[PDB]
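Q: Got an experimental structure here, sequence first:
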Amino acid sequence: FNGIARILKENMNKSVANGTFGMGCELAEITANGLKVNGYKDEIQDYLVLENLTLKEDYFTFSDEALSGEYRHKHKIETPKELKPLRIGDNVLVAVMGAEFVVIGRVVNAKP
Amino acid sequence: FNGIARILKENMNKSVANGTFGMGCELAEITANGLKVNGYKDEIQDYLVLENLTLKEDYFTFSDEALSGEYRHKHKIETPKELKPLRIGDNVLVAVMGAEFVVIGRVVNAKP
Amino acid sequence: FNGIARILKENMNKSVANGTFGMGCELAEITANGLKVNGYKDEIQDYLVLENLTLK
Amino acid sequence: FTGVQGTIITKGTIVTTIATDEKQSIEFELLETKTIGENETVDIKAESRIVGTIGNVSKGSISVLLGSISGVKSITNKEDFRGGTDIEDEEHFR
Amino acid sequence: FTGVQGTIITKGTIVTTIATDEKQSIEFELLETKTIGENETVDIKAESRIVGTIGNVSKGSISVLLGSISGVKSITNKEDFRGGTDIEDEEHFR
Amino acid sequence: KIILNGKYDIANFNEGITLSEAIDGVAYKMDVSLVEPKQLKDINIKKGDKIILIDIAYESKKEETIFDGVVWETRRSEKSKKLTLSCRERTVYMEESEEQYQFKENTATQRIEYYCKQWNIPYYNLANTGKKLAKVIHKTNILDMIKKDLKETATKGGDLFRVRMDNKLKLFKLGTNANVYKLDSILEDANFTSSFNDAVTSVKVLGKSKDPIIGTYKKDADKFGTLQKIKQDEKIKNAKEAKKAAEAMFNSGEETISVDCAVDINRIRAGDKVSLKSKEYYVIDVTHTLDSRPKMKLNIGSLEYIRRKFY
Ligand SMILES: [Fe+2]
């Protein structure tokens, strides 16, 4: 009867693997073709991103005007390197929801 | 035959719990030892973070120069309290991918 | 014996679906009633947010 | 075709019009194998798989790829597909 | 109706009220074919698929567009649907 | 009666044949048991050999190829030289070869044609299932992918289709068999079973994808009670899709007949439309056993229960 137990255990692994597919956060990289998620054969050409990743690469807000006339205090706010928008070659974390991918943001190593 | 059904159901729960382990977003807290994820015995001493969490605690961009000579319009952009980098004692959300943890960011209660 | 296999497969799907529930990222929309998560009958009136979303 | 240069599009690939709740998508099969050129585009001949006047679709309608090919950005037909004769009616044959 | 201008909402399209455990969805069918105009909206007459006073729903109850026509954003019924007579009463028939 | 193999004719060795199929089975299955003397041992039947069973068809009483597949496994006893085979048609290949494919919005027929074109599987003119499927990414077996999209096609109002191999792949609609045979005349024994085991009276759809589609479509709540389910599929991204999925799930519970026939109707197969008494039922499962007396056993059921369970 060990054969039935082994076959059934194979079915356990099969069903669990199928259920876990297309779920949970996953790593990815951006390409010219589109999003390239780790563990996927094909690049995803249509995907969503968090709105904080859509910031302009330069001068994302004029941010105030403080005086006019005698002097003209007004400025623009350059984007920092960390908050720049997505570009090709960026390692990113992606949330997988079936056939709808959401790019959470870039990923880098953690300092002590 | 109820014993076989009970044993098999125990196997169902076992396999499903094993498959769900190391997957999905999880809460965590930062410590001197390293990341401390809820539901984990040991602290993770090597982990990744989103690049927007690596901002400087103070003056994260010089952000423009607008004049020189007659006057010298130039400034620095202090980090707001919300966007400060990670520090010990921060409750954070973490994405679990096997043995690779990604800290999405801090977490706070939601206003109405 | 095909009936036992079919019943057992139904149990496979049942257990896997129950285990996967309440796990993983999901889409949602904000309402006056509270958070409204896709695939949920009721709105969540108490929820947490990332601190970068609490900016003025 | 429109996509990344160097992407290889093969003969036998199916590209279809836009299906709707009303209409089934009209299928077209590529007759050639080609690569996307320096203009990030390439012109490939094709025919309607189903013979008839239905295959004579308008320009810009063949815009859906069946089997995802990495590197293909978009597709379109500049000109209306021609030919596509149906069976001769019994009255004309008589 | 509300949605993208130029979209055509055809006769025979079906719209329904929101279903609940207490009351099932009340279906309605469009009697006219029109296009979404310059206001990104259009008003079309419709009839309840099922006879009876249940078809006489209140304003704003019909919000679900059953189908899938692309470009349509939202719908609503400004007027309470009228008519929908039931079977004639025993006393009135007497 | 005739077992061609590659070249020979091993019908002069078989103790019995059992042609068995299930509506959700991997493949049409033939399990032929043989005695293996020196003569049969010489030809050295290996796995992967091509078996063709030919027998006098019930319809026209002409010798027709009722089975055409491949030997998937051979088991040989040594003390008693009884070689036993378990033949499968080539859909078993599709159920074992895994592959990942990403699909846009399209119909099941186009996807099946794409699979056959990719893997070089011969196929007849595939019937237009008509139903339009949502975009998905698949990883399971090719037969698993085909079954998944056919299930999603049964949902949304499409007809019930089943894939059978024969020589070249065929997309077989369930209620389209040529002859609606009547089993009452040869009814050795029947087992009419009725139940509320898988009855579905209500369904509360909770759409995981937007067009916020939510609703309830209870159908016979007054009679059988509110036997409710919850359908929470991402593929339902439409109100009409939700309504059709709900309508393709209601049933009065399990309602099948375990029919036993004293005469083997040779051309019966899973999904065929067959009659017992005045009523008509779809073959959930058939198990022929061509011993010295031909015999057949059937398990048949109503359309609603089959759609609820297997789709
Ligand atoms: Fe200044």
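A: Thanks, I have it. Residues are numbered from 1 along each chain as shown, chains lettered A, B, ... in the order given.
Q: Which of the three states applies to the spatially most central residue of chain D?
A: The centroid of chain D falls nearest to residue D:28 when counting by CA atoms, centre = their mean (4.0 Å). Following DSSP: H, G, I helix; E, B strand; the rest coil, residue D:28 is assigned to strand.
Q: Report the contact partners of it.
A: D:14, D:15, D:16, D:17, D:46, D:47, D:48, D:49, D:55, D:62, D:81 (CB atoms under 8 Å, 6 or more residues apart in numbering or on different chains). Where you see a C-beta, it was placed from the backbone N, CA and C, and this is true even at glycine.
Q: Tell me which residues of stretch D:29-47 come out buried.
A: The neighbour-count check on stretch D:29-47 (16 or more other CB atoms under 10 Å in any protein chain shown) flags D:29, D:30, D:34, D:36, D:42, D:44, D:46 as buried.
Q: coming back round to it: among the contacts of residue D:28, which are in strands?
A: D:14, D:15, D:16, D:46, D:47, D:48 (DSSP state E).
Q: so how far is chain F from the nearest residue to the last one once chain neighbours are set aside?
A: Take residue D:48 and drop its neighbours on the chain: the residue closest to it by CB to CB, 6 or more residues apart in numbering or on different chains is residue D:55, 2.6 Å away. When distances are taken as CB to the nearest CB, to the nearest Å, residue D:55 and chain F turn out to be 15 Å apart.
Q: Just the helices from chain A, written as ranges.
A: Secondary structure of chain A (DSSP state H): helices at A:2-20.
Q: burial measure for residue F:254, as a count.
A: When counting by other CB atoms under 10 Å in any protein chain shown, one arrives at 18 neighbours for residue F:254.
Q: got the contact list for the closest residue to it other than its chain neighbours?
A: Spatially, and ignoring its direct neighbours in sequence, residue F:254 is nearest to residue F:195 (4.2 Å; CB to CB, 6+ apart). The contact partners of residue F:195, by CB under 8 Å, 6+ apart, come to F:253, F:254, F:255.
Q: Would you confirm that the first one contacts residue F:305?
A: Yes: with contact defined as CB atoms under 8 Å, residue F:253 and residue F:305 form a contacting pair (7.2 Å).
Q: Reformat the ones in strands among the contacts of residue D:28 into CSV and put distance to residue A:58 next to each item.
A: Output for these, formatted as CSV (distance: CB to CB, whole Å):
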residue, distance to residue A:58
D:14, 44
D:15, 40
D:16, 42
D:46, 44
D:47, 49
D:48, 49
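Q: between those, which is closest to chain E?
A: residue D:16 (16.5 Å; CB to the nearest CB).
Q: So is stretch A:81-97 next to chain C?
A: Yes: applying CB under 8 Å from any CB of the partner chain, one finds stretch A:81-97 touching chain C at A:95, A:96, A:97.
Q: Next, work out how far apart the nearest residue to residue A:20 once chain neighbours are set aside and residue F:208 are.
A: Distances taken as CB to CB, 6+ apart place residue B:19 nearest to residue A:20, at 5.5 Å, with adjacent residues excluded. Using CB to CB, to the nearest Å, one gets 20 Å for the distance from residue B:19 to residue F:208.
Q: before we move on, what about residue A:24?
A: On the measure of CB to CB, residue A:24 and residue F:208 end up 15 Å apart.
Q: quick revisit: which residues are in contact with both of residue F:253 and residue F:305?
A: With CB under 8 Å, 6+ apart as the test, residue F:253 and residue F:305 both reach residue F:198.
Q: ok, those two, which is more surrounded?
A: residue F:305 (23 against 18).
Q: and that one, that's in a helix?
A: Yes: Residue F:305: assigned to a helix according to three-state DSSP.
Q: From chain C, how far out is the closest residue to chain D within the stretch 51-200 of chain F?
A: Residue nearest to chain D within the stretch 51-200 of chain F: residue F:102 (4.7 Å; CB to the nearest CB). Per CB to the nearest CB, residue F:102 is found 20 Å from chain C.
Q: Residue A:42 is in contact with that residue, correct?
A: Yes: applying CB under 8 Å as the test, residue F:102 and residue A:42 come out as touching, 4.7 Å apart.
Q: For residue 67, which non-adjacent residue is spatially closest?
A: Just going to use chain A. residue A:73 is the one closest to residue A:67 (CB to CB, 6+ apart), at 4.3 Å.
Q: not quite, I wanted chain F
A: residue F:53 (4.1 Å).
Q: Name the SS class of that neighbour, please.
A: Under three-state DSSP, residue F:53 comes out as strand.
Q: can you check residue D:88 too?
A: For residue D:88, the assignment made with three-state DSSP gives coil.
Q: Over to it: give its phi and psi.
A: When quoted as degrees, to the nearest 10, the phi and psi of residue D:88 stand at phi -60, psi 140.
Q: so what's residue D:51 up against?
A: D:84, D:85, D:86.
Q: what do you get for residue F:230?
A: Residue F:230 touches F:203, F:204, F:205, F:206, counting by CB under 8 Å, 6+ apart.
Q: The same query, at a cut-off of 7 Å, please.
A: F:204, F:206 (CB atoms under 7 Å, 6 or more residues apart in numbering or on different chains).
Q: Look up the closest residue to residue F:150, ignoring the ones flanking it.
A: Nearest to residue F:150 is residue F:161, by CB to CB, 6+ apart, at 5.3 Å.
Q: for that neighbour, which residues make a bridge with it?
A: residue F:173 (DSSP bridges).
Q: Surely residue F:69 touches residue F:93?
A: No: Residue F:69 is beyond contact range of residue F:93, at 10.2 Å (criterion: CB atoms under 7 Å).
Q: So which bits of the longest strand seen in chain F are buried?
A: Longest strand in chain F, counting residues (DSSP E): strand F:63-76. Applying a neighbour-count criterion of 16+ other CB under 10 Å, one finds F:66, F:67, F:68, F:69, F:70, F:71, F:72, F:74 buried in strand F:63-76.
Q: residues from chain D in reach of chain A?
A: D:4, D:68, D:70, D:71 (CB under 7 Å from any CB of the partner chain).
Q: of all of the stretch 201-311 of chain F, which residue lies closest to chain E?
A: For the stretch 201-311 of chain F, CB to the nearest CB, closest residue to chain E: residue F:215, 3.7 Å.
Q: ok, that residue to residue C:41 distance?
A: 11 Å.
Q: In terms of packing, which of those two has more residues around it?
A: Per other CB under 10 Å, whichever of residue F:215 and residue C:41 has more neighbours is residue F:215, with 22 against 9.
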